[PDB]
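> before I ask anything, here's the sequence and the deposited coordinates:
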Amino acid sequence: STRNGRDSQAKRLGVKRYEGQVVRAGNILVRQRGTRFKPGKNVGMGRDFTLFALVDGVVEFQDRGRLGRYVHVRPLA
Amino acid sequence: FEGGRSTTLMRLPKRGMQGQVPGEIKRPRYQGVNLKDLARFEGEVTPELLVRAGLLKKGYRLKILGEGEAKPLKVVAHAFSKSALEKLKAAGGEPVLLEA
Amino acid sequence: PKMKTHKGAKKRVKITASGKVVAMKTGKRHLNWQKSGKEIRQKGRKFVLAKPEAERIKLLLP
Amino acid sequence: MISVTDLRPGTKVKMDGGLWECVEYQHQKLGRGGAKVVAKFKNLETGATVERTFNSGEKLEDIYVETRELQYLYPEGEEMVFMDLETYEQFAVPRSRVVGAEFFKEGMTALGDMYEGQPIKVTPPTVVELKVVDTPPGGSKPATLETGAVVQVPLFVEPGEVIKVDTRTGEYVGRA
Amino acid sequence: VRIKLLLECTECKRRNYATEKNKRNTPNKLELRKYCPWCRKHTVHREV
RNA sequence: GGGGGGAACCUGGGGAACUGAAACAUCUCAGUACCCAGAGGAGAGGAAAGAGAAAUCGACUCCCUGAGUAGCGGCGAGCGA
RNA sequence: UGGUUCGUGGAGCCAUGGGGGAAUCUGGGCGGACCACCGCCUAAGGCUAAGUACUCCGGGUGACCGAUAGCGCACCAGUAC
RNA sequence: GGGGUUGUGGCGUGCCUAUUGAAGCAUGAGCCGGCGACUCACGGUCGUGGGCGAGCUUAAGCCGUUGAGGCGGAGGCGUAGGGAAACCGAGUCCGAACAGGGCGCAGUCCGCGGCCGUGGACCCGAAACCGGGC
RNA sequence: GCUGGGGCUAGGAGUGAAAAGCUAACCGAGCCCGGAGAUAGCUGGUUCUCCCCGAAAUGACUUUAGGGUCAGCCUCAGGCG
RNA sequence: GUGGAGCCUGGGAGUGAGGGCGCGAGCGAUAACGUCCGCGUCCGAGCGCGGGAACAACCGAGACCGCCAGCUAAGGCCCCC
RNA sequence: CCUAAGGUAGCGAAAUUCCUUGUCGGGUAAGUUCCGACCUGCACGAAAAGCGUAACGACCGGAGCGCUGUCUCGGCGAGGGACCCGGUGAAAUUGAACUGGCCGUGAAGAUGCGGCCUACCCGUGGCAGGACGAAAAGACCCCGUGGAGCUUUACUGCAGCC
RNA sequence: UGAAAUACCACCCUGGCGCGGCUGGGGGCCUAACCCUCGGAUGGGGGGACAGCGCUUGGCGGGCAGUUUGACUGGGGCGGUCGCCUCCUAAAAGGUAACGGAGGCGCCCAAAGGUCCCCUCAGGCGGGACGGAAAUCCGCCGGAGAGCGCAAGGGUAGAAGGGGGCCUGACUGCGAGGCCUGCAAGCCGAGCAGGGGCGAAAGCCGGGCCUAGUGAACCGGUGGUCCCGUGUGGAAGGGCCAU
Ligand SMILES: [Mg+2]
Ligand SMILES: [Mg+2]
Ligand SMILES: [Mg+2]
Ligand SMILES: [Mg+2]
Ligand SMILES: [Mg+2]
Ligand SMILES: [Mg+2]
Ligand SMILES: [Mg+2]
Ligand SMILES: [Mg+2]
Ligand SMILES: [Mg+2]
Ligand SMILES: [Mg+2]
Ligand SMILES: [Mg+2]
Ligand SMILES: [Mg+2]
Ligand SMILES: [Mg+2]
Ligand SMILES: [Mg+2]
Ligand SMILES: [Mg+2]
Ligand SMILES: [Mg+2]
Ligand SMILES: [Mg+2]
Ligand SMILES: [Mg+2]
Ligand SMILES: [Mg+2]
Ligand SMILES: [Mg+2]
Ligand SMILES: [Mg+2]
Ligand SMILES: [Mg+2]
Ligand SMILES: [Mg+2]
Ligand SMILES: [Mg+2]
Ligand SMILES: [Mg+2]
Ligand SMILES: [Mg+2]
Ligand SMILES: [Mg+2]
Ligand SMILES: [Mg+2]
Ligand SMILES: [Mg+2]
Ligand SMILES: [Mg+2]
Ligand SMILES: [Mg+2]
Ligand SMILES: [Mg+2]
Ligand SMILES: [Mg+2]
Ligand SMILES: [Mg+2]
Ligand SMILES: [Mg+2]
Ligand SMILES: [Mg+2]
Ligand SMILES: [Mg+2]
Ligand SMILES: [Mg+2]
Ligand SMILES: [Mg+2]
Ligand SMILES: [Mg+2]
Ligand SMILES: [Mg+2]
Ligand SMILES: [Mg+2]
Ligand SMILES: [Mg+2]
Ligand SMILES: [Mg+2]
Ligand SMILES: [Mg+2]
Ligand SMILES: [Mg+2]
Ligand SMILES: [Mg+2]
Ligand SMILES: [Mg+2]
Ligand SMILES: [Mg+2]
Ligand SMILES: [Mg+2]
Ligand SMILES: [Mg+2]
Ligand SMILES: [Mg+2]
Ligand SMILES: [Mg+2]
Ligand SMILES: [Mg+2]
Ligand SMILES: [Mg+2]
Ligand SMILES: [Mg+2]
Ligand SMILES: [Mg+2]
Ligand SMILES: [Mg+2]
Ligand SMILES: [Mg+2]
Ligand SMILES: [Mg+2]
Ligand SMILES: [Mg+2]
Ligand SMILES: [Mg+2]
Ligand SMILES: [Mg+2]
Ligand SMILES: [Mg+2]
Ligand SMILES: [Mg+2]
Ligand SMILES: [Mg+2]
Ligand SMILES: [Mg+2]
Ligand SMILES: [Mg+2]
Ligand SMILES: [Mg+2]
Ligand SMILES: [Mg+2]
Ligand SMILES: [Mg+2]
Ligand SMILES: [Mg+2]
Ligand SMILES: [Mg+2]
Ligand SMILES: [Mg+2]
Ligand SMILES: [Mg+2]
Ligand SMILES: [Mg+2]
Ligand SMILES: [Mg+2]
Ligand SMILES: [Mg+2]
Ligand SMILES: [Mg+2]
Ligand SMILES: [Mg+2]
Ligand SMILES: [Mg+2]
Ligand SMILES: [Mg+2]
Ligand SMILES: [Mg+2]
Ligand SMILES: [Mg+2]
Ligand SMILES: [Mg+2]
Ligand SMILES: [Mg+2]
Ligand SMILES: [Mg+2]
Ligand SMILES: [Mg+2]
Ligand SMILES: [Mg+2]
Ligand SMILES: [Mg+2]
Ligand SMILES: [Mg+2]
Ligand SMILES: [Mg+2]
Ligand SMILES: [Mg+2]
Ligand SMILES: [Mg+2]
Ligand SMILES: [Mg+2]
Ligand SMILES: [Mg+2]
Ligand SMILES: [Mg+2]
Ligand SMILES: [Mg+2]
Ligand SMILES: [Mg+2]
Ligand SMILES: [Mg+2]
Ligand SMILES: [Mg+2]
Ligand SMILES: [Mg+2]
Ligand SMILES: [Mg+2]
Ligand SMILES: [Mg+2]
Ligand SMILES: [Mg+2]
Ligand SMILES: [Mg+2]
Ligand SMILES: [Mg+2]
Ligand SMILES: [Mg+2]
Ligand SMILES: [Mg+2]
Ligand SMILES: [Mg+2]
Ligand SMILES: [Mg+2]
Ligand SMILES: [Mg+2]
Ligand SMILES: [Mg+2]
Ligand SMILES: [Mg+2]
Ligand SMILES: [Mg+2]
Ligand SMILES: [Mg+2]
Ligand SMILES: [Mg+2]
Ligand SMILES: [Mg+2]
Ligand SMILES: [Mg+2]
Ligand SMILES: [Mg+2]
Ligand SMILES: [Mg+2]
Ligand SMILES: [Mg+2]
Ligand SMILES: [Mg+2]
Ligand SMILES: [Mg+2]
Ligand SMILES: [Mg+2]
Ligand SMILES: [Mg+2]
Ligand SMILES: [Mg+2]
Ligand SMILES: [Mg+2]
Ligand SMILES: [Mg+2]
Ligand SMILES: [Mg+2]
Ligand SMILES: [Mg+2]
Ligand SMILES: [Mg+2]
Ligand SMILES: [Mg+2]
Ligand SMILES: [Mg+2]
Ligand SMILES: [Mg+2]
Ligand SMILES: [Mg+2]
Ligand SMILES: [Mg+2]
Ligand SMILES: [Mg+2]
Ligand SMILES: [Mg+2]
Ligand SMILES: [Mg+2]
Ligand SMILES: [Mg+2]
Ligand SMILES: [Mg+2]
Ligand SMILES: [Mg+2]
């Protein structure tokens, strides 16, 4: 007779498009709770903090020291 | 059927309106027929020369319409699509009204 | 003898010209109230996949 | 609709159209049969009790008879009005459902069993202060209290003197 | 909830609705705001 | 005149359950099994107080279509003009 | 209440156990609540071949059986038991 | 060159069923013979061999045969689709829209095989239930 | 009290000094024929040869857990390359 | 990287009791041929063959058939052998 | 404090007492039983009666006398079988058998695998340790959206009665 | 004056009589239906419009009938558990079990929502009238230990925190493209249109710092709409949108 045995259906978080991968405008690039990663160039983020491409291009992960981490998208030039 | 779940009878009957009781309202139904195919015969197409041909058949009320080019010939029908009415305005028939 | 159609289906689903099986969206019969227009609005018809193959074998004659 | 295996004294529920409150609860599972719940109850308005038994399944139907604190304001008809010193709503309780409505006081704070915003039991405190406005300065004499009721008191207790009276026995329990 | 309660909004004499959720007890005792109707555009809007 | 018999078939009077619904009760199985009365080489039905939308048809029965349609339905199972 | 696809449904139509209860063609019923138009038909008496069902019985056939099959019985079987 | 037999030598845990796993001390079988279980009807869906193709096909029946084959077009599937429907139609739905976006340009008839449905549906097996009788 | 002969009561019915006893050698509801080839998510059983490939015992939902549905894993034909 | 690889449309499945060993964890007692997951393996379906005395899953090794040829694996080389 | 009211008479380690072989007493060389008491009655109690009762009982307990093969502890003897010969001649069971022991091993209890040890072929009378011997498709146990009989303030009906 | 005040008008009560229509309750007596009886009667007694019986109503109703009485589970039962969120287990992608460890939810905010402009914390050492050990004030020191309605987690002072002004985009028609995924669902979403809010503008707004606060279909209810409306018109009843 216990008092536990509970949990929540996993949510499958994290980067969902890595640096150098080609996307299309719309692709959600990152799923995360806080803001582990922040919007960048052509990268708006959503209500739930979900970063998503804003234009067809590639993904770049700029690490900005104590300024956080960024995910940009340099469109195809 | 099965699992003992709920089939997929979860999806709903938006098919609203599908049955009163005396039954089905007896009303006139229309048969397509694109001018594209009256082009088969050249005379005076009348909804019958059609049934007998191989299109429409007993469905009753014929409504020549659609795609294809018209042809210089009289077309008696129970209806015409705005578009074919046109393509026939290129010279032909327009015996609308129809019926006694 | 002669297969019977599954009235409960024809009453809520449609076979399309392509062969597609289209059923109205589900989820807005009394949920509504605290539902974005996005949700409530997003109730158009939809594909149905892998289950239409089943779902279709019941509209046999129709 | 709560079952029984999930009762506890204090739980209030609706049985036989009436209001109760399990006051005794003991799970019973002897032999290899199915378990059984043997409780004892009390009506919320009348005192009547009744021990009963139920199987493991059987659901009961929990009720929401929370007990806020009301407040007397004024008489009217054969009723008297109170107020929940909380949301200041107005309750017109019929003299019957106001335990010891007499020996009360137009302004005293008492308790009521709110069942859907309508008290079915309005009790004051075991003893309240009241100004006797009667009695002959003459020992164990009768004394009409400011609320019209009468009570037995000693001598020294004379007109105007405010006393105490156990609202259960309406007996003089001393002076103010 | 109870103190909560559901409710919609009527275009002032007519149809349409919004259906939000008032909140009894606290800021309540009626309530109306400005919102856009399927027909024409923007107006007040009462409860009911 | 009647009475009793007759393998099925027939009409009428009564009339189940197991089953199916992956429980179950409405529903189904089915007005089937069966019981009883009667009929006869057949029985029923049959000349419109019908149909039902057609300036329409024109007793009745029977086959094929219409049609698994119209519908019916814990709108479930399924029944089905 | 029953019949119909109709499970109380907007529930007509047909039938009828109970209550009430007409008129005779300016009469009466139906066209799926109801109403008004427009139609259809003449209830509360009766009979009627033929087309249809079946196969104890006679015959004719058989990509039917050929004595553990075929009817239970090819034989003195609804028998011995 | 072969048959029969088999002394010694080497190797060697019946068969089926069911099981994670049986020689198993788990099930079934005394042995031999014969009977003994995935079919059929009407549908449906794939596939396939053919006929004919914007068309393909008849059903009851009728005439003929009497192991002879015709007729028969009622009807059926297909030529359009969308929409709950009115309706419209190579479009239409939603919409205020001339944005958007959802659905939209192929057949039939036989034979054959696979599988699904409805029937007892691969074959035996209940405890039981209901009717009428004894 | 025992006993012969003649009789009556029987199937959710009888009878019972009561045990759920007895009702034609097994009675918590007789026997026979019928509905009927009831249903059995259970146990058993399933018959000629060769050749190629060749699993699963997981997930999700399941009055689900020894059964299913979708998926995963196998296979065949057509297409792509 | 041409593989019994892949991918796409479709027909047919079976399976949805797994098991041991290794490694990483949880439950257990730093128990169990215990138990519940993960990565892998083998048995399952390789109770076919060598070694392990004998023995499904430990070591060796994936058995189309034939030969009185040869080299090797693990393991072995005093006799059984 | 609570209750509708808190078990009266009587009986009580009882066909009722868990603890329990309670504790005293009796009987006995020795008594978990028996009888008599005690009363912290786990969990008696008054017509599902309470407490007694002569008589009755193929009812159940305890004790003693008598007498015994019941026993110490077995012995002899009779007849009917058993065994032998002539006559008639079944049975369940049965995968096939060329059917040994120990120590191991193996699905964890081996005639059947390994190692070792025994062992000439075949019966007859006996014995029952094994062949997980025979017999009944476990009664127990769980499983089955199996079945029934029974119950009720489970659900829904029906007869009946109002 | 008393709890109340007083007129005049209202509405409506308590109980009362008056006409107008509408509905009932019983009391008796009768005999002839109906019932019971009587030396056998087209008759006499007794009961009597009661009962009995027919249709219909509400109820009582294990006397009887049909059935239901969940699953997981180190056997079953009893206990506990059953959906959703957070953390661990979970072996540095995702995912991953156990009657493994530990906690939450079934709500809530008309400001706790938009937007624009402002402000920066908890603590710590001083310093100060009433003043704890933090009430309010002043000075430093203090990058986040504060806060962010609630569990925990990620997040965050170059605000997601605090304050204020206007507001309500807690928009309607749409929705490219993705996440997650067996199905069904769940989640993110740029951009366009209509019509708005805030801002000088750039822009921002189709709820809430984010992960729980939930419920397929069926059957019905309310608005709306004009779509069908059983010969016609119209209703009845449906349909679609909304809830
Ligand atoms: Mg768990
Ligand atoms: Mg778990
Ligand atoms: Mg988890
Ligand atoms: Mg988690
Ligand atoms: Mg709706
Ligand atoms: Mg809309
Ligand atoms: Mg058709
Ligand atoms: Mg009949
Ligand atoms: Mg009959
Ligand atoms: Mg039944
Ligand atoms: Mg059933
Ligand atoms: Mg005749
Ligand atoms: Mg004839
Ligand atoms: Mg006749
Ligand atoms: Mg029927
Ligand atoms: Mg109904
Ligand atoms: Mg009916
Ligand atoms: Mg009538
Ligand atoms: Mg009637
Ligand atoms: Mg009439
Ligand atoms: Mg008519
Ligand atoms: Mg009429
Ligand atoms: Mg007529
Ligand atoms: Mg006649
Ligand atoms: Mg022959
Ligand atoms: Mg022979
Ligand atoms: Mg024979
Ligand atoms: Mg076998
Ligand atoms: Mg096993
Ligand atoms: Mg053996
Ligand atoms: Mg055994
Ligand atoms: Mg064996
Ligand atoms: Mg077995
Ligand atoms: Mg045997
Ligand atoms: Mg087959
Ligand atoms: Mg076929
Ligand atoms: Mg074919
Ligand atoms: Mg389009
Ligand atoms: Mg698209
Ligand atoms: Mg072809
Ligand atoms: Mg086929
Ligand atoms: Mg199939
Ligand atoms: Mg089949
Ligand atoms: Mg008889
Ligand atoms: Mg006698
Ligand atoms: Mg006799
Ligand atoms: Mg019977
Ligand atoms: Mg009886
Ligand atoms: Mg007797
Ligand atoms: Mg007997
Ligand atoms: Mg019986
Ligand atoms: Mg029985
Ligand atoms: Mg049957
Ligand atoms: Mg059978
Ligand atoms: Mg059954
Ligand atoms: Mg291979
Ligand atoms: Mg595996
Ligand atoms: Mg369920
Ligand atoms: Mg399973
Ligand atoms: Mg599958
Ligand atoms: Mg495949
Ligand atoms: Mg499993
Ligand atoms: Mg496993
Ligand atoms: Mg493994
Ligand atoms: Mg171990
Ligand atoms: Mg081992
Ligand atoms: Mg294990
Ligand atoms: Mg296996
Ligand atoms: Mg392998
Ligand atoms: Mg072996
Ligand atoms: Mg070797
Ligand atoms: Mg070896
Ligand atoms: Mg080996
Ligand atoms: Mg091996
Ligand atoms: Mg190989
Ligand atoms: Mg060598
Ligand atoms: Mg070597
Ligand atoms: Mg050597
Ligand atoms: Mg005692
Ligand atoms: Mg005594
Ligand atoms: Mg004693
Ligand atoms: Mg006792
Ligand atoms: Mg002594
Ligand atoms: Mg002595
Ligand atoms: Mg003693
Ligand atoms: Mg003794
Ligand atoms: Mg004693
Ligand atoms: Mg007693
Ligand atoms: Mg008593
Ligand atoms: Mg007695
Ligand atoms: Mg006594
Ligand atoms: Mg006696
Ligand atoms: Mg002796
Ligand atoms: Mg002797
Ligand atoms: Mg002798
Ligand atoms: Mg002798
Ligand atoms: Mg002899
Ligand atoms: Mg030997
Ligand atoms: Mg051994
Ligand atoms: Mg040996
Ligand atoms: Mg022996
Ligand atoms: Mg012996
Ligand atoms: Mg045995
Ligand atoms: Mg068994
Ligand atoms: Mg169950
Ligand atoms: Mg059952
Ligand atoms: Mg009188
Ligand atoms: Mg008389
Ligand atoms: Mg009289
Ligand atoms: Mg009289
Ligand atoms: Mg009467
Ligand atoms: Mg009644
Ligand atoms: Mg009852
Ligand atoms: Mg019962
Ligand atoms: Mg019965
Ligand atoms: Mg039944
Ligand atoms: Mg269970
Ligand atoms: Mg247990
Ligand atoms: Mg339980
Ligand atoms: Mg429980
Ligand atoms: Mg879920
Ligand atoms: Mg981790
Ligand atoms: Mg991970
Ligand atoms: Mg500070
Ligand atoms: Mg200080
Ligand atoms: Mg202070
Ligand atoms: Mg201070
Ligand atoms: Mg401080
Ligand atoms: Mg603001
Ligand atoms: Mg979209
Ligand atoms: Mg998309
Ligand atoms: Mg999906
Ligand atoms: Mg929130
Ligand atoms: Mg905010
Ligand atoms: Mg339903
Ligand atoms: Mg509705
Ligand atoms: Mg409505
Ligand atoms: Mg209209
Ligand atoms: Mg009509
Ligand atoms: Mg009409
Ligand atoms: Mg009309
Ligand atoms: Mg009019
Ligand atoms: Mg409407």
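Perfect, I can see it now. Residues are numbered from 1 along each chain as shown, chains lettered A, B, ... in the order given. Ligands and ions are numbered 1, 2, ... in the order given.
> and residue C:40, what element?
Residue C:40 belongs to helix C:37-41 when assigned by DSSP states H and E.
> do that helix and chain E meet at all?
No. Counting by CB under 8 Å from any CB of the partner chain, chain E has no neighbours in helix C:37-41; the shortest distance is 9.8 Å. In this view, the C-beta of every residue, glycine as well, is placed from N, C-alpha and C.
> export that helix to CSV, keeping only CA atoms.
Once non-C-alpha atoms are left out, helix C:37-41 reads as follows in CSV (Å, rounded to 0.1, in the frame of the first residue of the first chain):
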residue,chain,number,x,y,z
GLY,C,37,-11.2,30.9,-31.8
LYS,C,38,-8.1,29.1,-33.1
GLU,C,39,-9.4,25.8,-31.6
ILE,C,40,-13.1,26.3,-32.1
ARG,C,41,-12.5,27.8,-35.5
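> kindly provide the distance from residue A:70 to chain C.
From residue A:70 across to chain C, the span is 28 Å (CB to the nearest CB, to the nearest Å).
> test of understanding: give the bridge partners of that residue.
residue A:38, residue A:62 (DSSP bridges).
> could I get the contacting residues of it?
A:37, A:38, A:39, A:40, A:43, A:61, A:62, A:63, A:64 (CB atoms under 8 Å, 6 or more residues apart in numbering or on different chains).
> tell me the buried residues within the residues you listed.
Among the contacts of residue A:70, those classed as buried by 16 or more other CB atoms under 10 Å in any protein chain shown are A:37, A:38, A:39, A:40, A:43, A:61.
> which members of those residues additionally contact RNA strand I?
With the criterion set as CB under 7 Å from any atom of the strand, no member of the buried ones among the contacts of residue A:70 is near RNA strand I.
> out of those, the closest to residue D:29 would be?
Comparing the buried ones among the contacts of residue A:70 against residue D:29 with CB to CB places residue A:37 closest, at 56.8 Å.
> how about the residues of chain A by RNA strand L?
Remark: the part of chain A in contact with RNA strand L comprises A:1-14, A:16, A:24-28, A:31-36, A:44, A:46-50, A:52, A:54, A:67-68, using CB under 7 Å from any atom of the strand.
> just the helices in chain B please.
For chain B, applying DSSP state H gives helices covering B:49-53, B:82-89.
> show me the contacts for the residue nearest the centre of chain E.
Closest residue to the average C-alpha location of chain E: residue E:9 at 3.0 Å, with CA atoms, centre = their mean. By CB under 8 Å, 6+ apart, residue E:9 lies in contact with E:16, E:17, E:18, E:19, E:20, E:32, E:33, E:35, E:45, E:46, E:47.
> residues in contact with the second one?
Residues in contact with residue E:17 (CB under 8 Å, 6+ apart) are E:8, E:9, E:10.
> isn't the first one up against residue E:21?
Same thing as residue E:8. No. Applying CB atoms under 8 Å, one finds residue E:8 not in contact with residue E:21, separated by 9.7 Å.
> so these two - more neighbours on which side?
residue E:8 (15 against 12; other CB atoms under 10 Å in any protein chain shown).
> find the closest residue to RNA strand K in chain C.
residue C:8 (18.4 Å; CB to the nearest atom of the strand).
> actually chain D, not the one I typed
residue D:49 (3.9 Å).
> show me what that residue is bridged to.
On the basis of DSSP bridges, residue D:49 takes part in beta bridges with residue D:42.
> what is the neighbour count of it?
By other CB under 10 Å, 12 other residues sit near residue D:49.
> roughly how far does it sit from residue D:140?
Distance of residue D:49 to residue D:140, computed by CB to CB, to the nearest Å: 36 Å.
> same thing with residue D:16?
For residue D:16, the distance to residue D:140 equals 45 Å [CB to CB].
> so who does residue 38 touch?
Going with chain A. A:45, A:51, A:68, A:69, A:70, A:71.
> other chain: chain B
Residues in contact with residue B:38 (CB under 8 Å, 6+ apart) are B:45, B:50, B:64, B:71, B:73, B:75.
> one more pass at 10 Å, please.
Taking CB atoms under 10 Å, 6 or more residues apart in numbering or on different chains, we find residue B:38 in contact with B:45, B:49-50, B:53, B:55, B:64, B:68, B:70-71, B:73, B:75, B:77, B:84, B:88, B:92.
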